[PDB]
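File shown: work-v5.pdb. Contents: PDB, C-alpha atoms.
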```pdb
ATOM      1  CA  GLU N  56     135.963 108.043 127.670
ATOM      2  CA  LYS N  57     138.561 105.687 126.182
ATOM      3  CA  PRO N  58     138.377 102.027 127.278
ATOM      4  CA  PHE N  59     141.356 100.858 129.346
ATOM      5  CA  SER N  60     142.839  97.709 130.887
ATOM      6  CA  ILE N  61     143.939  96.891 134.438
ATOM      7  CA  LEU N  62     146.186  93.995 135.405
ATOM      8  CA  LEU N  63     145.234  92.715 138.866
ATOM      9  CA  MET N  64     148.272  90.928 140.304
ATOM     10  CA  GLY N  65     147.461  88.824 143.352
ATOM     11  CA  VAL N  66     150.795  87.926 144.931
ATOM     12  CA  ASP N  67     150.442  84.491 146.575
ATOM     13  CA  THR N  68     146.707  85.087 146.907
ATOM     14  CA  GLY N  69     145.517  81.937 145.135
ATOM     15  CA  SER N  70     144.506  78.416 146.093
ATOM     16  CA  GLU N  78     154.489  75.168 145.449
ATOM     17  CA  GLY N  79     156.156  78.190 147.055
ATOM     18  CA  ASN N  80     153.419  80.555 145.847
ATOM     19  CA  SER N  81     150.007  80.632 144.139
ATOM     20  CA  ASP N  82     149.626  83.887 142.223
ATOM     21  CA  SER N  83     146.511  85.113 140.486
ATOM     22  CA  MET N  84     146.483  87.353 137.429
ATOM     23  CA  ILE N  85     143.273  88.979 136.174
ATOM     24  CA  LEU N  86     143.044  91.190 133.100
ATOM     25  CA  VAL N  87     140.186  93.695 133.486
ATOM     26  CA  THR N  88     138.689  95.793 130.693
ATOM     27  CA  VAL N  89     136.733  98.937 131.573
ATOM     28  CA  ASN N  90     134.665 101.087 129.247
ATOM     29  CA  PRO N  91     134.275 104.392 131.161
ATOM     30  CA  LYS N  92     131.465 105.579 128.868
ATOM     31  CA  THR N  93     129.125 102.565 128.992
ATOM     32  CA  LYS N  94     130.550 101.221 132.320
ATOM     33  CA  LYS N  95     130.794  97.745 130.779
ATOM     34  CA  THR N  96     133.505  95.729 132.546
ATOM     35  CA  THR N  97     134.988  92.280 131.933
ATOM     36  CA  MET N  98     137.530  90.196 133.829
ATOM     37  CA  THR N  99     139.678  87.427 132.324
ATOM     38  CA  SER N 100     141.450  85.102 134.774
ATOM     39  CA  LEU N 101     144.810  83.810 133.472
ATOM     40  CA  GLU N 102     145.637  80.307 134.729
ATOM     41  CA  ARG N 103     148.864  80.434 136.747
ATOM     42  CA  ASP N 104     150.118  77.152 135.233
ATOM     43  CA  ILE N 105     150.176  78.540 131.641
ATOM     44  CA  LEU N 106     153.634  78.103 130.062
ATOM     45  CA  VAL N 107     155.110  81.322 128.631
ATOM     46  CA  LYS N 108     158.400  82.928 127.707
ATOM     47  CA  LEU N 109     159.063  85.531 130.407
ATOM     48  CA  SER N 110     159.350  89.195 129.392
ATOM     49  CA  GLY N 111     161.037  91.809 131.545
ATOM     50  CA  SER N 112     164.210  93.798 132.057
ATOM     51  CA  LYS N 113     167.202  92.765 129.940
ATOM     52  CA  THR N 114     169.321  92.532 133.098
ATOM     53  CA  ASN N 115     166.995  89.942 134.678
ATOM     54  CA  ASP N 116     168.581  86.476 134.512
ATOM     55  CA  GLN N 117     165.201  84.871 133.787
ATOM     56  CA  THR N 118     163.974  87.227 131.043
ATOM     57  CA  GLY N 119     163.513  85.315 127.814
ATOM     58  CA  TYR N 120     163.207  81.814 129.320
ATOM     59  CA  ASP N 121     160.106  79.627 129.548
ATOM     60  CA  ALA N 122     158.232  79.426 132.847
ATOM     61  CA  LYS N 123     154.753  79.290 134.322
ATOM     62  CA  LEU N 124     152.909  82.581 134.636
ATOM     63  CA  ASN N 125     153.014  81.698 138.350
ATOM     64  CA  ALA N 126     156.765  82.406 138.317
ATOM     65  CA  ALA N 127     156.691  85.873 136.715
ATOM     66  CA  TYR N 128     156.278  88.056 139.785
ATOM     67  CA  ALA N 129     158.754  86.030 141.863
ATOM     68  CA  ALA N 130     161.329  86.274 139.059
ATOM     69  CA  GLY N 131     161.070  89.970 138.241
ATOM     70  CA  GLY N 132     158.481  91.855 140.220
ATOM     71  CA  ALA N 133     155.715  94.067 138.873
ATOM     72  CA  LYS N 134     157.649  94.891 135.691
ATOM     73  CA  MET N 135     158.079  91.261 134.674
ATOM     74  CA  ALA N 136     154.443  90.456 135.479
ATOM     75  CA  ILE N 137     153.184  93.421 133.441
ATOM     76  CA  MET N 138     155.523  92.812 130.519
ATOM     77  CA  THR N 139     154.811  89.070 130.446
ATOM     78  CA  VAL N 140     151.019  89.513 130.414
ATOM     79  CA  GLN N 141     151.343  92.292 127.805
ATOM     80  CA  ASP N 142     153.344  90.067 125.458
ATOM     81  CA  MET N 143     151.166  87.011 126.086
ATOM     82  CA  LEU N 144     147.951  88.894 125.236
ATOM     83  CA  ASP N 145     149.482  91.307 122.647
ATOM     84  CA  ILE N 146     148.153  94.425 124.399
ATOM     85  CA  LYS N 147     149.572  97.371 126.303
ATOM     86  CA  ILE N 148     148.332  97.360 129.900
ATOM     87  CA  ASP N 149     147.112 100.750 131.093
ATOM     88  CA  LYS N 150     146.703 100.340 134.867
ATOM     89  CA  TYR N 151     148.076  97.995 137.508
ATOM     90  CA  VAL N 152     146.996  96.885 141.008
ATOM     91  CA  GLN N 153     149.050  94.465 143.090
ATOM     92  CA  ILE N 154     148.187  93.063 146.536
ATOM     93  CA  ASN N 155     149.281  90.109 148.635
ATOM     94  CA  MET N 156     147.458  87.930 151.149
ATOM     95  CA  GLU N 157     148.546  90.106 154.082
ATOM     96  CA  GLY N 158     147.143  93.140 152.304
ATOM     97  CA  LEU N 159     143.803  91.494 151.521
ATOM     98  CA  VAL N 160     143.362  90.717 155.225
ATOM     99  CA  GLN N 161     144.185  94.329 156.052
ATOM    100  CA  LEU N 162     141.815  95.617 153.359
ATOM    101  CA  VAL N 163     138.816  93.754 154.749
ATOM    102  CA  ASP N 164     139.442  95.165 158.217
ATOM    103  CA  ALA N 165     140.108  98.662 156.796
ATOM    104  CA  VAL N 166     136.677  98.874 155.112
ATOM    105  CA  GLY N 167     135.063  97.876 158.401
ATOM    106  CA  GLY N 168     134.590  94.179 157.671
ATOM    107  CA  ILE N 169     132.094  92.520 155.370
ATOM    108  CA  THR N 170     128.894  90.627 156.114
ATOM    109  CA  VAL N 171     128.395  87.021 154.991
ATOM    110  CA  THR N 172     126.053  84.173 155.834
ATOM    111  CA  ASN N 173     127.298  80.692 156.709
ATOM    112  CA  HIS N 174     124.456  78.389 155.553
ATOM    113  CA  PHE N 175     126.136  75.196 156.831
ATOM    114  CA  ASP N 176     125.281  73.391 160.082
ATOM    115  CA  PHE N 177     128.876  73.820 161.319
ATOM    116  CA  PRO N 178     131.584  76.528 161.256
ATOM    117  CA  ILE N 179     133.378  77.341 158.037
ATOM    118  CA  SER N 180     137.013  76.567 158.909
ATOM    119  CA  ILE N 181     140.041  74.959 157.303
ATOM    120  CA  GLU N 182     142.537  74.245 160.084
ATOM    121  CA  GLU N 183     142.367  70.480 159.476
ATOM    122  CA  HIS N 184     143.683  70.980 155.932
ATOM    123  CA  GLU N 185     145.678  74.232 156.266
ATOM    124  CA  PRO N 186     146.799  74.460 159.905
ATOM    125  CA  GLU N 187     148.199  77.985 159.792
ATOM    126  CA  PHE N 188     144.625  79.306 159.276
ATOM    127  CA  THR N 189     142.628  78.928 162.489
ATOM    128  CA  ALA N 190     139.931  81.606 162.045
ATOM    129  CA  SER N 191     136.365  80.501 161.424
ATOM    130  CA  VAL N 192     132.835  81.681 160.661
ATOM    131  CA  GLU N 193     130.015  80.337 162.823
ATOM    132  CA  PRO N 194     126.652  79.405 161.272
ATOM    133  CA  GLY N 195     124.375  82.329 160.519
ATOM    134  CA  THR N 196     125.008  85.891 159.395
ATOM    135  CA  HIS N 197     128.096  87.672 160.732
ATOM    136  CA  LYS N 198     130.239  90.741 160.126
ATOM    137  CA  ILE N 199     133.643  89.123 159.672
ATOM    138  CA  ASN N 200     137.248  90.317 159.847
ATOM    139  CA  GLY N 201     139.999  89.779 157.273
ATOM    140  CA  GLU N 202     141.368  86.531 158.723
ATOM    141  CA  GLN N 203     137.838  85.109 158.723
ATOM    142  CA  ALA N 204     137.319  86.334 155.151
ATOM    143  CA  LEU N 205     140.449  84.477 154.033
ATOM    144  CA  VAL N 206     139.111  81.234 155.539
ATOM    145  CA  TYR N 207     135.625  81.865 154.121
ATOM    146  CA  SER N 208     137.052  82.252 150.605
ATOM    147  CA  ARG N 209     139.352  79.191 150.886
ATOM    148  CA  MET N 210     137.198  76.445 152.465
ATOM    149  CA  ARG N 211     136.433  73.616 150.044
ATOM    150  CA  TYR N 212     136.452  70.156 151.617
ATOM    151  CA  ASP N 213     133.363  70.685 153.804
ATOM    152  CA  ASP N 214     131.375  72.061 150.842
ATOM    153  CA  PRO N 215     129.331  69.514 148.840
ATOM    154  CA  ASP N 216     130.062  71.606 145.730
ATOM    155  CA  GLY N 217     133.817  71.533 146.340
ATOM    156  CA  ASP N 218     136.012  74.087 144.608
ATOM    157  CA  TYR N 219     132.911  75.487 142.865
ATOM    158  CA  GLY N 220     131.308  76.457 146.157
ATOM    159  CA  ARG N 221     134.714  77.856 147.116
ATOM    160  CA  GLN N 222     134.994  80.001 143.977
ATOM    161  CA  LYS N 223     131.500  81.353 144.651
ATOM    162  CA  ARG N 224     132.391  82.377 148.217
ATOM    163  CA  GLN N 225     135.673  83.936 147.092
ATOM    164  CA  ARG N 226     133.756  85.865 144.419
ATOM    165  CA  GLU N 227     131.326  87.058 147.100
ATOM    166  CA  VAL N 228     134.167  88.318 149.307
ATOM    167  CA  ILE N 229     135.978  90.255 146.575
ATOM    168  CA  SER N 230     132.703  91.694 145.318
ATOM    169  CA  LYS N 231     131.714  92.879 148.807
ATOM    170  CA  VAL N 232     135.124  94.444 149.436
ATOM    171  CA  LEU N 233     135.099  96.225 146.059
ATOM    172  CA  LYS N 234     131.593  97.499 146.785
ATOM    173  CA  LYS N 235     132.786  99.111 150.015
ATOM    174  CA  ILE N 236     135.865 100.662 148.357
ATOM    175  CA  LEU N 237     134.052 102.170 145.403
ATOM    176  CA  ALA N 238     131.343 103.568 147.703
ATOM    177  CA  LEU N 239     133.863 105.808 149.506
ATOM    178  CA  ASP N 240     133.114 109.405 148.611
ATOM    179  CA  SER N 241     136.181 111.309 149.869
ATOM    180  CA  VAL N 242     139.930 111.115 149.543
ATOM    181  CA  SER N 243     140.431 110.971 153.328
ATOM    182  CA  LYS N 244     138.320 107.813 153.454
ATOM    183  CA  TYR N 245     140.482 106.193 150.741
ATOM    184  CA  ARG N 246     143.681 107.261 152.532
ATOM    185  CA  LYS N 247     142.534 105.553 155.730
ATOM    186  CA  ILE N 248     142.531 102.276 153.765
ATOM    187  CA  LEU N 249     145.810 103.135 152.018
ATOM    188  CA  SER N 250     147.374 103.670 155.453
ATOM    189  CA  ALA N 251     146.220 100.273 156.757
ATOM    190  CA  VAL N 252     147.357  98.167 153.787
ATOM    191  CA  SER N 253     150.477 100.342 153.251
ATOM    192  CA  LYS N 254     153.087  98.689 150.954
ATOM    193  CA  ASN N 255     151.132  95.428 150.716
ATOM    194  CA  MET N 256     149.200  97.138 147.880
ATOM    195  CA  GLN N 257     150.781  99.064 145.008
ATOM    196  CA  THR N 258     148.964 100.711 142.116
ATOM    197  CA  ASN N 259     149.301 103.409 139.490
ATOM    198  CA  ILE N 260     145.581 104.201 139.714
ATOM    199  CA  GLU N 261     145.276 107.839 140.777
ATOM    200  CA  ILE N 262     143.291 108.250 144.001
ATOM    201  CA  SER N 263     142.625 111.974 144.417
ATOM    202  CA  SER N 264     139.816 114.452 145.050
ATOM    203  CA  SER N 265     139.716 114.856 141.257
ATOM    204  CA  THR N 266     139.264 111.129 140.565
ATOM    205  CA  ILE N 267     136.863 110.250 143.427
ATOM    206  CA  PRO N 268     133.772 111.350 141.399
ATOM    207  CA  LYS N 269     134.697 108.871 138.657
ATOM    208  CA  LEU N 270     135.362 105.892 140.946
ATOM    209  CA  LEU N 271     132.013 106.569 142.601
ATOM    210  CA  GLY N 272     130.519 106.234 139.113
ATOM    211  CA  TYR N 273     131.539 102.574 138.932
ATOM    212  CA  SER N 274     129.520 101.564 142.003
ATOM    213  CA  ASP N 275     126.817 100.165 139.694
ATOM    214  CA  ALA N 276     129.125  98.443 137.236
ATOM    215  CA  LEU N 277     130.211  95.598 139.539
ATOM    216  CA  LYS N 278     126.811  93.926 139.089
ATOM    217  CA  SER N 279     127.197  93.346 135.332
ATOM    218  CA  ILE N 280     130.859  92.250 135.078
ATOM    219  CA  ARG N 281     131.265  89.365 132.645
ATOM    220  CA  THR N 282     133.966  86.901 133.675
ATOM    221  CA  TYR N 283     136.131  84.693 131.486
ATOM    222  CA  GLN N 284     139.015  82.314 131.933
ATOM    223  CA  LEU N 285     142.140  81.648 129.872
ATOM    224  CA  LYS N 286     143.187  78.009 130.348
ATOM    225  CA  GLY N 287     145.501  75.605 128.533
ATOM    226  CA  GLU N 288     145.787  71.888 127.850
ATOM    227  CA  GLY N 289     147.090  70.110 130.938
ATOM    228  CA  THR N 290     150.635  68.767 130.565
ATOM    229  CA  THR N 291     153.106  67.214 133.027
ATOM    230  CA  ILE N 292     156.726  68.409 132.718
ATOM    231  CA  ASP N 293     159.349  67.203 135.210
ATOM    232  CA  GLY N 294     156.600  66.202 137.623
ATOM    233  CA  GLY N 295     154.958  69.646 137.585
ATOM    234  CA  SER N 296     151.578  70.755 136.259
ATOM    235  CA  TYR N 297     151.655  72.996 133.178
ATOM    236  CA  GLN N 298     149.045  74.330 130.768
ATOM    237  CA  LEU N 299     149.658  74.909 127.047
ATOM    238  CA  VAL N 300     147.152  77.321 125.513
ATOM    239  CA  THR N 301     145.944  76.441 122.036
ATOM    240  CA  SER N 302     146.182  78.886 119.142
ATOM    241  CA  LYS N 303     142.378  78.890 118.918
ATOM    242  CA  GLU N 304     141.735  79.649 122.588
ATOM    243  CA  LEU N 305     144.442  82.302 122.874
ATOM    244  CA  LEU N 306     143.227  84.084 119.742
ATOM    245  CA  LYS N 307     139.707  84.036 121.181
ATOM    246  CA  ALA N 308     140.793  85.483 124.529
ATOM    247  CA  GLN N 309     143.023  88.126 122.913
ATOM    248  CA  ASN N 310     140.360  89.257 120.479
ATOM    249  CA  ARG N 311     137.627  89.435 123.126
ATOM    250  CA  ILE N 312     139.809  91.743 125.241
ATOM    251  CA  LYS N 313     140.846  93.750 122.175
ATOM    252  CA  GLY N 314     137.183  94.085 121.256
ATOM    253  CA  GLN N 315     136.416  95.611 124.661
ATOM    254  CA  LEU N 316     139.409  97.920 124.362
ATOM    255  CA  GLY N 317     138.584  99.183 120.867
ATOM    256  CA  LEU N 318     141.724  97.643 119.398
ATOM    257  CA  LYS N 319     142.279  95.968 116.043
ATOM    258  CA  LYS N 320     141.781  92.210 116.293
ATOM    259  CA  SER N 321     144.211  89.560 115.037
ATOM    260  CA  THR N 322     143.776  86.615 112.715
ATOM    261  CA  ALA N 323     145.129  83.118 113.254
ATOM    262  CA  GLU N 324     147.879  83.893 110.735
ATOM    263  CA  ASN N 325     149.155  87.081 112.433
ATOM    264  CA  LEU N 326     148.603  86.009 116.056
ATOM    265  CA  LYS N 327     151.389  87.401 118.266
ATOM    266  CA  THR N 328     152.148  85.913 121.678
ATOM    267  CA  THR N 329     154.939  84.788 123.990
ATOM    268  CA  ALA N 330     152.834  81.894 125.268
ATOM    269  CA  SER N 331     154.059  78.382 124.453
ATOM    270  CA  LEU N 332     151.331  77.375 122.036
ATOM    271  CA  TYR N 333     150.148  73.778 122.216
ATOM    272  CA  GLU N 334     150.577  73.360 118.451
ATOM    273  CA  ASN N 335     154.257  74.410 118.570
ATOM    274  CA  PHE N 336     155.006  72.366 121.684
ATOM    275  CA  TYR N 337     153.901  69.132 119.976
TER     276      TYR N 337
END
```

Could you spell out this file's structure in structure tokens?
Amino acid sequence: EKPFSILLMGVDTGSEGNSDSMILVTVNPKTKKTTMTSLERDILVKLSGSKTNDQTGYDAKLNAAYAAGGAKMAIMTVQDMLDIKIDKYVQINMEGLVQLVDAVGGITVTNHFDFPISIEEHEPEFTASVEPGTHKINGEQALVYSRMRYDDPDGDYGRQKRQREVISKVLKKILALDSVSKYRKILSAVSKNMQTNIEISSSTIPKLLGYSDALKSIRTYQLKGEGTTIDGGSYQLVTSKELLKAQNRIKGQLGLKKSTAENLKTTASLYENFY
């Protein structure tokens, strides 16, 4: 019944060598209330990780954490930035997201535009497309559907909406599976492109089924910093106020003691100490 946290680590799943996404999820298993906080990849932090890692203890973007030290560095860096202990962990890359969509049998979307949703003009390695109308689409099409931006009058906001739709529809299919063999069919298809310490067993299936009607009330939040240019690159410096607010909101969902401005603990490069 105890609330717990999940770090979702999207390895090069975002939209120069990589665009990671990190989402901190809180889950209350009793009330089913769930929240998701997106952590901007450009946020400047001191990396945490193994003492034998050459980059542990130096400042970098959050975007660099997984490339520098793997799952351990990503977990430890987020833990020290938010001053919490992370309970559960799910990591997947772009190849695995494509495989996941196919493994659940596809998803159904509607293209409301008067032309195909496609991105090859702007990102030539992605040639799949979604014709106008309603279609059951494969994983390569789902990637394009969640990335297209320049043909949308609402720009990156229309894009974020479509990406939200895709992840929501995939999660709905996963959490609807009612047997361990059905889960293991998906685990077989994605294979090592997804790693987690979430137990998927006949014992836990009843509980995951119980979250089917929690995905419709998830509150979403974003942790962002003040934009700064350092050596030609784009960085974000979180303010003391905004970090405290994000930490305490998550702590509040997790049943943990909140911090004050005077005892705030973080490895983030705070704006007020940078300047």

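You can rank N:160, N:292, N:204, N:270 by their closest distance to residue N:241 using all atoms listed in the file, and at the top of that list sits N:270.
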
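Between atom CA of residue N:91 and atom CA of residue N:319 the separation is 19.1 Å.
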
Notebook entry, point to check: Evaluating the PyMOL selection byres ((chain N and resi 144) around 12) on the displayed file yields which residues, as a PyMOL selection string?
Noted result: chain N and resi 60+62+85-86+99+101+107+137-143+145-148+285+300+302+304-313+320-321+326-330

Output the residue selection produced by the PyMOL selection byres ((chain N and resi 130) around 9) on the file above, formatted as a short mmCIF file (atom, residue, chain, number, x, y, z; two decimals) with C-alpha atoms, in the coordinates of the input.
```cif
data_model
loop_
_atom_site.label_atom_id
_atom_site.label_comp_id
_atom_site.auth_asym_id
_atom_site.auth_seq_id
_atom_site.Cartn_x
_atom_site.Cartn_y
_atom_site.Cartn_z
CA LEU N 109 159.06 85.53 130.41
CA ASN N 115 167.00 89.94 134.68
CA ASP N 116 168.58 86.48 134.51
CA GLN N 117 165.20 84.87 133.79
CA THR N 118 163.97 87.23 131.04
CA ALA N 126 156.76 82.41 138.32
CA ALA N 127 156.69 85.87 136.72
CA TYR N 128 156.28 88.06 139.78
CA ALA N 129 158.75 86.03 141.86
CA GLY N 131 161.07 89.97 138.24
CA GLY N 132 158.48 91.86 140.22
CA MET N 135 158.08 91.26 134.67
CA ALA N 136 154.44 90.46 135.48
#
```

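What separates atom CA of residue N:282 from atom CA of residue N:64 is a distance of 16.3 Å.
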
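Nearest-residue note for residue N:56: choosing from N:293, N:69, N:317, N:202, the minimum distance belongs to N:317, counting all atoms listed in the file.
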
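In terms of minimum interatomic distance to residue N:67, N:255 ranks closest within N:203, N:113, N:255, N:229, counting all atoms listed in the file.
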
Next item on the list: Mind giving me the straight-line distance from atom CA of residue N:290 to atom CA of residue N:108 in Å, one decimal?
Entry: 16.4 Å

Checklist line | Expected selection from the PyMOL selection byres ((chain N and resi 173) around 8), given as a count of residues only | finding: 11

Checklist line | Sel. within 9 Å of pt (145.1, 101.4, 158.5), counting only C-alpha atoms, output as a ChimeraX atom specification | finding: /N:161-162,164-165,246-253

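Distances here use all atoms listed in the file; by that measure, the residue among N:325, N:259, N:265, N:208 closest to residue N:222 is N:208.
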
Check: If we count all atoms listed in the file, what is near residue N:269 at a cut-off of 12 Å, once residues fewer than 3 positions away on the same chain are taken out, given as a ChimeraX atom specification?
Finding: /N:56,91-92,94,237-241,260-266,272-276

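The smallest atom-to-atom distance between residue N:106 and any of N:90, N:125, N:257, N:80, using all atoms listed in the file, is found for N:125.
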
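With distances taken over all atoms listed in the file, N:155 is the one residue among N:214, N:119, N:93, N:155 lying closest to residue N:65.
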
Kindly compute an axis-aligned box around the listed atoms of stretch 153-171 of chain N, allowing 8 Å on each side, and express its centre and edge lengths in Å to one decimal as JSON.
```
{"center_x": 138.8, "center_y": 92.9, "center_z": 150.7, "size_x": 36.9, "size_y": 27.9, "size_z": 31.3}
```

Contacts of residue N:280 within 9 Å, all atoms listed in the file, excl. fewer than 2 positions in-chain, as a short mmCIF file (atom, residue, chain, number, x, y, z; two decimals) with C-alpha atoms, keeping the file's coordinate frame:
```
data_model
loop_
_atom_site.label_atom_id
_atom_site.label_comp_id
_atom_site.auth_asym_id
_atom_site.auth_seq_id
_atom_site.Cartn_x
_atom_site.Cartn_y
_atom_site.Cartn_z
CA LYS N 95 130.79 97.74 130.78
CA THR N 96 133.50 95.73 132.55
CA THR N 97 134.99 92.28 131.93
CA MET N 98 137.53 90.20 133.83
CA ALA N 276 129.12 98.44 137.24
CA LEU N 277 130.21 95.60 139.54
CA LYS N 278 126.81 93.93 139.09
CA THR N 282 133.97 86.90 133.68
#
```
